[PDB]
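Asks: The following block contains the structure, expressed as structure tokens.
Backbone-built Cβ (ideal geometry, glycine too); neighbour counts: all protein chains shown. A short reminder: the numbers here are calculations on the coordinates, not readings from a lab.
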Amino acid sequence: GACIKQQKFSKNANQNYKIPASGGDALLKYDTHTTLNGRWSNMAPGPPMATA
Amino acid sequence: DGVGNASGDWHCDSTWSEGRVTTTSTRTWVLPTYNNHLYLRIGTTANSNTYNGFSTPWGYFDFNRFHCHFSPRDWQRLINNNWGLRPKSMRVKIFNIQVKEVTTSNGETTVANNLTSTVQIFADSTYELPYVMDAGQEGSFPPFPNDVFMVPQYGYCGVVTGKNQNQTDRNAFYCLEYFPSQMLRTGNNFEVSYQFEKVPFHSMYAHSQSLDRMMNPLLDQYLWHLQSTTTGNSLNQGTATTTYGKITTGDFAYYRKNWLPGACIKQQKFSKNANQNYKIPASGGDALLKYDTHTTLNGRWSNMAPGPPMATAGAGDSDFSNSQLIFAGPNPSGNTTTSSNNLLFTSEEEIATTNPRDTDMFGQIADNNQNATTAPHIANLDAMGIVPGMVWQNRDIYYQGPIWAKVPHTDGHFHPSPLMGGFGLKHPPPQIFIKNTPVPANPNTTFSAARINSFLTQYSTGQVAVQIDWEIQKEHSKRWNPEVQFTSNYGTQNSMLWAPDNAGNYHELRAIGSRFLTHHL
Amino acid sequence: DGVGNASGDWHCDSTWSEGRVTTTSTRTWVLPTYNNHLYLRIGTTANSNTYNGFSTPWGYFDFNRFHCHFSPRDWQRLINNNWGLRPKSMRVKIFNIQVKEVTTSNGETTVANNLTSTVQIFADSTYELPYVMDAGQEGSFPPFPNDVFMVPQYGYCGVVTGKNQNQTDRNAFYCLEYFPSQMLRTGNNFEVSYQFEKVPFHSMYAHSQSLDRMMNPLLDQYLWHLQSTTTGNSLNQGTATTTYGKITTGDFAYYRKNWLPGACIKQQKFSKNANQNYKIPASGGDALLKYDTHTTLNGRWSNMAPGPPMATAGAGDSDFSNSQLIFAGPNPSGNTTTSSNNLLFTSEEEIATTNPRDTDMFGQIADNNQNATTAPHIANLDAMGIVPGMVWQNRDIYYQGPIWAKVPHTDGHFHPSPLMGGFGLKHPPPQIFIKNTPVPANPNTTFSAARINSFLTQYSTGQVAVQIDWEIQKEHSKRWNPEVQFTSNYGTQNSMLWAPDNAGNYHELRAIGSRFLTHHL
Amino acid sequence: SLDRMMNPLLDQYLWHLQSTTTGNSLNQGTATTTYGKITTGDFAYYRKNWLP
Amino acid sequence: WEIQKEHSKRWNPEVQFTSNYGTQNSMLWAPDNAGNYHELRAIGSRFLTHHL
Amino acid sequence: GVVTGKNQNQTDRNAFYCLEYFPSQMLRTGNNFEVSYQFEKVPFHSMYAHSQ
Amino acid sequence: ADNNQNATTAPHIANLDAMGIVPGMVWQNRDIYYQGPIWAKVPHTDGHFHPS
Amino acid sequence: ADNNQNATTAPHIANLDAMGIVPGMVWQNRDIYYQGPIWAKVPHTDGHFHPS
Ligand SMILES: Nc1ncnc2c1ncn2[C@H]1C[C@H](O)[C@@H](COP(=O)(O)O)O1
Ligand SMILES: Nc1ncnc2c1ncn2[C@H]1C[C@H](O)[C@@H](COP(=O)(O)O)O1
């Protein structure tokens, strides 16, 4: 089936890059997202895909 | 019946009822002789523009454009009061036929009636000939009932193999004198009926909600998400902590959703201001066909216009793309102009609620799996096809726009809505073909087996009436506040719009969509 | 009915069903005045070419050629899927008639309708007039339905006595104004029906066996023959011994057989390469009429072409004979060419299984009774008539070829299949005759008993439709491997075949037989 | 062909941007928005109802 | 098997599947000297044409 | 088959016939086969010699 | 495959991170959960794909 | 088109090597072959697209 790649995160804090919650570079920026009319929407859960 | 008896009447009317409207249009046509009674194979080998085919002595009627069947006031009644539209049924008459002999003697032309000449007519109800009526082309009736129009010449195209025009063994030739046809003198008349296959209503409304805002603004989700991988406001700094949080009211970008916006193919954007555009020539190695988003069949480049439905700029905005259909007013002369003020721009901006912008993107995607030593990277999604869970909105119909298209005959198609707008039809309204029957000139008195190349010069005139039954859904909505309506806002005018001018010219100075009323997702 | 009412419609169609096909063809015709309203006796005394007869003001319709009734695609459906063909029934209509006055005043010609003028039509269903329609001549409808054709002038021939044209008391004159005829103004129309007499199907197949190989290759005969009169490999040497042997498998020339190949008359062979031919002039004491196989009636020489059915060279071979019919393409100009590439050659090679070659011989025959002192001598059989036990195969029908011929009215005939191909008919489809009725000019106001020599100049036009019901035998065969089919192999073409060209000209660049599928003896 | 489905003899009533500059060369000439009708004979620029 | 018969107003001849193999030592689609039956070609179903 | 000239090589007109392609009755030791046939009307053979 | 390789050109591959639906795909929808939503309302729009 | 050009930005194009289905596409299925499979079983799954 179809796929849209999704960003992967670890439940172990040390294995993640350091991404802040808000700012110019925020986690909304790095998650796969869609754009309606200029706005960013988190693509969650998105199209059906196998996961961990 | 006879020479002194009219075979039809003039009927132009619109009958309105709740759930139904019937339009009828009558026009006067003139049919010349095309190709001097000959079939001619045509083509040129011009890179992407390579074509081949045949032009025929025949001509045909196309009413396929909306303003044929509606007055500007009838179009207003339709779009202000109704959510939906679709044709039920059709019938066409051709009558009051007049064939004319034209003679040149002293250098001036005289015209007389030829009472025994015939015109040939057949409707192709079985679709055995290439269907050209849906191509978005000239030859449709004029929008103004007093105008007289010339019947367009019929022709078709073949398979193009590569960038060379030369035919292969798969190319087909179609002789129209090979179809049974009714022959008509001045007393005779022609008639045909048609039933539209059931098709979804067009949506004459715009959404009053956004696809991503469909939720309740007052409530939290019971879903949870990762808020951040670190403390602080800065990237690659702070302490590494996985911070999970509930998805609270007020942050609506992070809400989980059941639906996605529709498909997108990014389109190149241009400014109506000449100074804000890069300099791209019309032809050359680097041309504008190269820079527009385009598709490739068999090596050839085709402009992707208008393309899949996407939100676009407003009709008054500076920027525009090939996703917008462009109409012209009277002001340009010579099929070229340097000013956008002479042109009628169309806007799909209404669908910005469920459709991605034509010039922007579908979204942005994660390229890689980040880790402690790897920073996250994102790329743009310029073109994204359809995935399960997308919902979109089709292009709007326009008063100057096409009513229907023929769904290609192929063993697959997806969401068969025509991209220039209107009603996709597996069996569209038939093409009605007409030609003047050849009348030989004075022959030689010794037999020759060569074909007759010498002909009396003739043309025919008459009237054609088209009646269509339309089914309409009346708006029923609990919206408290007033809707947007289509109105005359034009103000004080020297010459009022939608009427003839001083010189008797009737022009259309605006492009009118069908989407005014609103409906919630 | 009336001047402003069409008396017919255009019908060109083919309706296919299992066991049956119905073709219909409509054309536009123009009829001039022939011989200035006069009968004229014609003839010249030219050796073998001596003729006499009459030309008439009348003209006639002949559809007798196959491409009149079939499109190239309909011909393909027929010959690929079917073993056999034959016409069941026919009907003809003539309608939408227009008579034209033509006037010359200042040196330019003007044309007007003459509404009260008539045209005369009768079909000769009783065959009382000489039947010229089967002669393989021009005047048949064009193969392409958009072409307009001139109606051919009617004329006939008498008895030629010797090489002088002078008539004797046996010569007959035929006045066609002596037959009842229907007179038609512009509102009137004509119609006639015809039933074909039962006739054998044409064979649209070629044999997949040879007449001499019909046996079982694995088995011996129980018959015995004389193998040799002497020991050794050399003639007139060795010991004289009568050596008899059984006829073993593997020597199939010596097998006894139930059947013989068909009749033969040897034909002179010519090369398409000019250097490989002996130099034979067109006219003179020694001319090419002298060297071709020919027959003699009453002192006159007639080319035997095509002659009795015989196998011949392939259409692409260098050699050819008069057994092959030749058609032309457009390329020659002036009824003469030096190049065979402009010509369409026909091949009977398919019948090489049961028919002797046209240019070779039937076989060789023993002249004498040999003995110990007499060596055996053989002669060629160039012409051998029919003996009991022969089986043969008729000439093939061609898409450009004649459909039928009239069996001569005589008290004997043998195997009445027309030698140019098609269906021999004792009562063929009737000839339909048409002429413009004379309209006198301004007469003198004093009575004169001289006949009126002064006439308004006129011609007529109209449409003619012909419908034929054909009966077809569908191929049923247990052959495992694929058949040969008629296909478009033409490849990549600048102008595709079987279609009009740039200038609107429709030409036939190939000659298409009916024999593709195979059948075993 | 999917892209040739039209009538070769007729123009569209649609209009498009032909060029952003005068001349045959990229990044050269005078900057002008040149709009034109879509004429018969240039079939790459025809608007279409269907895609491959 | 249910089959739809071709009905088309095409004037000129179609492409057909034919034996074009010519003169062969051992004819195709038949057993050979040793009695072996082989398939030396791949045959599609698409010969006739139809307009979009 | 057809012999073309004095060479045996087949052409495209040669036919192959598989007899396992005809419906056939299969018989074990208890089974039997039967068929009937009617001659078409044909002239008598002349079993006499002429006495004139 | 990004490119057409040849004797002088090495083959190059790229990742497909997002691929939409092509003819012949088959997939499986997300599972329902005891804590999860039972239904959703299909948006009112003139197109939707696989409205799960 | 990758980017939005402007007076200071030249237009850039990229190839579409893989493009999924958008509304308005029409295509044609693979041909059947005399040596080819007649049918396949549609997988048992809760979605499939154009199950040819
Ligand atoms: N214009 C046009 N013609 C034909 N088929 C179309 C068209 N637009 C969409 N569709 C197809 C695809 C939609 O999901 C479906 C709607 O059917 P319904 O249940 O009626 O809403 O019909
Ligand atoms: N073209 C044509 N017209 C008329 N008679 C013909 C023709 N060809 C052959 N014959 C005659 C001579 C044949 O032996 C016989 C076949 O009749 P059957 O029993 O029908 O096969 O009919």
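Asks: Which one is farthest from the other protein chains (Cβ to nearest Cβ), of the residues in the range B:253-292 that are farther than 30 Å from residue G:44 by Cβ and aliphatic (A, V, I, L, M)? Walk me through how you get there before you give the answer.
Replies: Going residue by residue through the range B:253-292, those that are farther than 30 Å from residue G:44 by Cβ are B:268-292.
From what is left, the residues that are aliphatic (A, V, I, L, M) are B:274, B:280, B:282, B:287-289.
Values: B:274: 5, B:280: 4, B:282: 4, B:287: 8, B:288: 6, B:289: 6 Å.
Per the stated criteria, the residue is B:287.
Asks: Look at the range C:41-74 and say how many of its residues are aliphatic (A, V, I, L, M) and either within 29 Å of residue B:438 (Cα to Cα) or within 13 Å of chain B (Cβ to nearest Cβ) (or both). Lay out the reasoning, then the answer.
Replies: Step one: list which residues in the range C:41-74 are aliphatic (A, V, I, L, M), which gives C:42, C:46.
Narrowing the set further to residues that are either within 29 Å of residue B:438 (Cα to Cα) or within 13 Å of chain B (Cβ to nearest Cβ) (or both) leaves none.
Looking only at that region, the number is 0.
Asks: Take the range C:103-144 and flag every residue that is in contact (Cβ under 8 Å) with a residue 60 or more places away in the chain, in a loop (DSSP other than H, G, I, E, B) and acidic (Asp, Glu).
Replies: C:134, the sole residue that qualifies.
Asks: Could you grab me the full set of residues in the range F:1-34 that are loosely packed, with under 10 Cβ neighbours inside 10 Å and hydrophobic (A, V, I, L, M, F, W, C)?
Replies: Matches in the range F:1-34: F:19, F:22, F:26, F:27, F:33.
Asks: Out of the residues in the range C:204-216 that are over 18 Å from residue C:390 (Cα atoms) and more than 11 Å from every other protein chain (Cβ to nearest Cβ), which is nearest to ligand 1 (Cβ to nearest atom)?
Replies: Here the residue is C:204.
Asks: While we're on this one: Could you list, in sequence order, all residues of the range C:415-449 that are hydrophobic (A, V, I, L, M, F, W, C) and either free of Cβ contacts under 8 Å to residues at least 12 places away in the same chain or closer than 29 Å to residue C:34 by Cα (or both)? First the steps, then the outcome.
Replies: Keep residues of the range C:415-449 that are hydrophobic (A, V, I, L, M, F, W, C), which gives C:419-420, C:423, C:425, C:432-434, C:439, C:441, C:447, C:449.
Hits for the range C:415-449 are C:432, C:433, C:434, C:439, C:441, C:447, C:449.
Asks: Right, another one. Please verify whether residue B:410 is within 14 Å of chain D (Cβ to nearest Cβ), away from ligand 2 (no atom under 16 Å from the Cβ), over 26 Å from residue B:150 (Cα atoms) and of a type outside the set (A, V, I, L, M, F, W, C), treating the condition exactly as stated.
Replies: yes
Asks: Looking only at residues in the range G:1-48 that are within 7 Å of another protein chain (Cβ to nearest Cβ) and out of contact with any strand residue (DSSP E or B) (no Cβ under 9 Å at 6 or more places or on another chain), which one is farthest from ligand 1 (Cβ to nearest atom)?
Replies: For the range G:1-48, the residue satisfying everything is G:2.
Asks: Still on this model: Among the residues of the range C:150-161, are any under 30 Å from residue B:3 (Cβ atoms), within 14 Å of chain B (Cβ to nearest Cβ), buried (at least 16 other Cβ atoms within 10 Å of the Cβ) and away from ligand 1 (no atom under 16 Å from the Cβ)?
Replies: Quick first cut of the range C:150-161, residues under 30 Å from residue B:3 (Cβ atoms) only: C:150-151.
Checking the rest, the ones that are also within 14 Å of chain B (Cβ to nearest Cβ) come to C:150-151.
Okay, now just the ones that are also buried (at least 16 other Cβ atoms within 10 Å of the Cβ), so C:150-151.
Of the ones still in play, those that are also away from ligand 1 (no atom under 16 Å from the Cβ) are C:150-151.
For the range C:150-161, residues under 30 Å from residue B:3 (Cβ atoms), within 14 Å of chain B (Cβ to nearest Cβ), buried (at least 16 other Cβ atoms within 10 Å of the Cβ) and away from ligand 1 (no atom under 16 Å from the Cβ): present.
Asks: Among C:237, C:268, which is touching a helix residue (DSSP H, G or I) at 6+ places or on another chain (Cβ under 7 Å), in a loop (DSSP other than H, G, I, E, B) and of a type in the set (S, T, N, Q)? Outline the logic, then answer.
Replies: Values: C:237 fails: touching a helix residue (DSSP H, G or I) at 6+ places or on another chain (Cβ under 7 Å).
Selected residue: C:268, the only one of C:237, C:268 that is touching a helix residue (DSSP H, G or I) at 6+ places or on another chain (Cβ under 7 Å), in a loop (DSSP other than H, G, I, E, B) and of a type in the set (S, T, N, Q).
Asks: Also, I was wondering about something else. Residues of the range C:385-442 being assigned to a strand (DSSP E or B) and more than 26 Å from residue C:68 (Cβ to Cβ), which ones?
Replies: To start, the set of residues in the range C:385-442 that are assigned to a strand (DSSP E or B) comprises C:390-391, C:398, C:402, C:404-406, C:423-425, C:431-436, C:440.
Matches in the range C:385-442: C:390, C:391, C:440.
Residue by residue, here is whether (1) within 14 Å of chain B (Cβ to nearest Cβ); (2) surrounded by fewer than 16 Cβ atoms within 10 Å (Cβ to Cβ); (3) in a loop (DSSP other than H, G, I, E, B) holds:
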{"residue": "C:465", "(1), (2), (3)": "yes, no, no"}
{"residue": "C:470", "(1), (2), (3)": "no, no, no"}
{"residue": "C:482", "(1), (2), (3)": "no, no, yes"}
{"residue": "C:487", "(1), (2), (3)": "yes, no, yes"}
{"residue": "C:491", "(1), (2), (3)": "yes, yes, yes"}
{"residue": "C:495", "(1), (2), (3)": "yes, no, yes"}
{"residue": "C:498", "(1), (2), (3)": "yes, no, yes"}
{"residue": "C:508", "(1), (2), (3)": "yes, no, yes"}
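Asks: Report, ordered by the first and then the second residue, all pairs with beta carbons closer than 9 Å, sequence separation of six or more or different chains, a first member in the range A:30-52 that is within 13 Å of residue B:252 (Cα to Cα), and a second member that is assigned to a loop (DSSP other than H, G, I, E, B) and of a type in the set (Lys, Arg).
Replies: A:41/B:257; A:42/B:256; A:42/B:257; A:43/B:257; A:44/B:256; A:44/B:257
Asks: Any residue in the range A:13-29 that is within 14 Å of chain G (Cβ to nearest Cβ), of a type outside the set (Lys, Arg), assigned to a loop (DSSP other than H, G, I, E, B) and closer than 17 Å to residue B:365 by Cβ? Let's see the steps before the verdict.
Replies: Of the range A:13-29, the ones within 14 Å of chain G (Cβ to nearest Cβ) are none.
Scanning the range A:13-29, I find no residue that is within 14 Å of chain G (Cβ to nearest Cβ), of a type outside the set (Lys, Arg), assigned to a loop (DSSP other than H, G, I, E, B) and closer than 17 Å to residue B:365 by Cβ, so the answer is no.
Asks: I would also like to ask the following. Which one is surrounded by the fewest Cβ atoms within 10 Å (Cβ to Cβ), of the residues in the range B:444-463 that are within 14 Å of chain C (Cβ to nearest Cβ) and not in a loop (DSSP other than H, G, I, E, B)?
Replies: Of all residues in the range B:444-463, those within 14 Å of chain C (Cβ to nearest Cβ) come to B:444-458, B:460, B:462.
Still in the running and not in a loop (DSSP other than H, G, I, E, B): B:455, B:458, B:460, B:462.
Details: B:455: 15, B:458: 20, B:460: 24, B:462: 24.
That would be B:455.
Asks: Please go through the range B:302-327 and pick out each residue that is part of a strand (DSSP E or B) and either out of contact with any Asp or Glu (no Cβ under 7 Å at 6 or more places or on another chain) or surrounded by 24 or more Cβ atoms within 10 Å (Cβ to Cβ) (or both).
Replies: From the range B:302-327, those part of a strand (DSSP E or B) are B:302-303, B:311, B:319-320, B:326-327; that's our starting set.
Within the range B:302-327, B:303, B:311, B:319, B:320, B:326, B:327 qualify.
Asks: Inspect the range B:420-443 for any residue being closer than 30 Å to residue H:3 by Cα and either at the interface with another protein chain (Cβ under 7 Å from one of its Cβ atoms) or aliphatic (A, V, I, L, M) (or both) and give the result as yes or no. Walk me through how you get there before you give the answer.
Replies: Start the filter on the range B:420-443 by keeping residues that are closer than 30 Å to residue H:3 by Cα, which leaves B:420-421.
Cutting the leftovers down to either at the interface with another protein chain (Cβ under 7 Å from one of its Cβ atoms) or aliphatic (A, V, I, L, M) (or both) gives us B:420.
Looking for residues that are closer than 30 Å to residue H:3 by Cα and either at the interface with another protein chain (Cβ under 7 Å from one of its Cβ atoms) or aliphatic (A, V, I, L, M) (or both), one finds at least one in the range B:420-443, hence yes.
Asks: Let me ask something additional. Does residue B:154 count as more than 30 Å from residue B:521 (Cβ to Cβ) and touching a helix residue (DSSP H, G or I) at 6+ places or on another chain (Cβ under 9 Å)? Steps first, please.
Replies: Numbers: more than 30 Å from residue B:521 (Cβ to Cβ): yes; touching a helix residue (DSSP H, G or I) at 6+ places or on another chain (Cβ under 9 Å): yes.
Yes: the conditions hold for residue B:154.
Asks: Right, another one. Output yes when any residue across the range B:442-464 is within 16 Å of ligand 1 (Cβ to nearest atom), among the aromatic types (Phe, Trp, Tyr) and in contact with an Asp or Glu (Cβ under 9 Å, 6 or more places away or on another chain), and no when none is.
Replies: No: zero hits.
Asks: Any residue that is within 22 Å of the chain's Cα centre (by Cα), buried (at least 21 other Cβ atoms within 10 Å of the Cβ), farther than 23 Å from residue C:192 by Cα and not hydroxyl-bearing (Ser, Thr, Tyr) - is there at least one of those in the range C:53-61?
Replies: In the first step, residues of the range C:53-61 are kept if they are within 22 Å of the chain's Cα centre (by Cα); the result is C:59-61.
Going one step further and asking which of them are buried (at least 21 other Cβ atoms within 10 Å of the Cβ), we end up with C:59-61.
Keeping just the survivors that are farther than 23 Å from residue C:192 by Cα gives none.
There is no residue in the range C:53-61 that is within 22 Å of the chain's Cα centre (by Cα), buried (at least 21 other Cβ atoms within 10 Å of the Cβ), farther than 23 Å from residue C:192 by Cα and not hydroxyl-bearing (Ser, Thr, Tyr).
Asks: On to the next question. Being more than 7 Å from chain C (Cβ to nearest Cβ) and either within 16 Å of ligand 2 (Cβ to nearest atom) or part of a helix (DSSP H, G or I) (or both) is the filter here, so list the residues in the range B:167-192 that pass it.
Replies: Hit for the range B:167-192 is B:176, nothing else.
Asks: For the range B:242-252, check the following and say yes or no: at least one residue is at the interface with another protein chain (Cβ under 7 Å from one of its Cβ atoms), out of contact with any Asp or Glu (no Cβ under 8 Å at 6 or more places or on another chain) and part of a loop (DSSP other than H, G, I, E, B).
Replies: no
Asks: Oh, and also: Suppose we filter the range C:413-429 for residues that are on the phi < 0 side of the Ramachandran plot, surrounded by 14 or more Cβ atoms within 10 Å (Cβ to Cβ) and more than 7 Å from ligand 2 (Cβ to nearest atom); how many remain?
Replies: Adding up the residues that qualify gives 5.
Asks: Restricting the search to the range C:1-28, which residues are more than 8 Å from chain B (Cβ to nearest Cβ), surrounded by fewer than 21 Cβ atoms within 10 Å (Cβ to Cβ) and within 24 Å of residue B:114 (Cβ to Cβ)?
Replies: Listed by number, the list holds a single entry, C:1.
Asks: Which numbered condition trips up residue C:195, out of (1) of a type outside the set (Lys, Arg); (2) within 16 Å of ligand 2 (Cβ to nearest atom); (3) in contact with a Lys or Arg (Cβ under 7 Å, 6 or more places away or on another chain)?
Replies: (3)
Asks: Say whether the condition of being more than 16 Å from residue B:513 (Cα to Cα), crowded, with 17+ Cβ neighbours inside 10 Å, within 11 Å of chain H (Cβ to nearest Cβ) and of a type in the set (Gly, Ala, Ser) is met by at least one residue in the range B:365-374. Don't jump to the end; show me each part of the working.
Replies: Kept after step one, since they are more than 16 Å from residue B:513 (Cα to Cα), are these residues of the range B:365-374: B:365-374.
After this cut, where a residue has to be crowded, with 17+ Cβ neighbours inside 10 Å as well, the list is B:365-366, B:370.
Filter once more, keeping what is within 11 Å of chain H (Cβ to nearest Cβ): none.
No, the range B:365-374 has no match at all.
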